[PDB]
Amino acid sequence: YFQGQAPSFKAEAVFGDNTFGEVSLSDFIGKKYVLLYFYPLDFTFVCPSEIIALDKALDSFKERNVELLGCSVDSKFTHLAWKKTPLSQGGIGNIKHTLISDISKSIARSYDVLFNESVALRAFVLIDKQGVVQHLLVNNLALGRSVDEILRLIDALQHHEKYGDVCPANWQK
């Protein structure tokens, strides 16, 4: 879970292109950091503040070599229809980051974010280039407003990998 590799997955996905494909978490090993996020459902009457805020800050994730992956229990076909629905009609519009489909609910379950065997709870999961979990943000920290905070944690992660931790001055073995 937090000891070694993040739970692996092989899922169906709608790319920025609106073309379908398969995405495995291992595809990003030694290539990109992954910001995997969960949301409950497509097409609801609760505004999709996290998908939109994250997509609005897509270039900030790309500059930091981070692959954004949005995940819900909906099918890839539902994801595509929600992208073909404009924001003015309750849709997400043509977002440019990938939406993965957790139709069997196994992904949500492996990340311990599945609510009453039905929908995923809101969660932000940062995974490093080796496939190791660095953070899990939930509840009042898993909001669209949290984008600025996620990017600061990515900068801290990237800074920590480069320089390591610091020792208290007066401490000695």
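In this text, residue numbers run from 1 along the sequence as written.
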Report summary line: For 83-91 versus 70-78, entry-based mean Cα B-factors point to 83-91
Query raised in the report: Taking the recorded C-alpha temperature factors, which stretch has the higher mean, 57-65 or 109-117?
Result: 109-117
**Report entry** Position of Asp128 among the chain's modelled residues by C-alpha B-factor, lowest, middle or highest third
**Finding:** lowest
**Report entry** Third of the chain, ranked by Cα B-factor, where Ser26 sits
**Finding:** middle
**Report entry** Cα B factor band for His159 (lowest, middle or highest third within the chain)
**Finding:** lowest
Report task. Could you say whether, by C-alpha temperature factor, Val138 belongs to the lowest, middle or highest third of its chain? Result -> lowest
**Report entry** Chain-relative CA temperature factor third for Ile100
**Finding:** middle
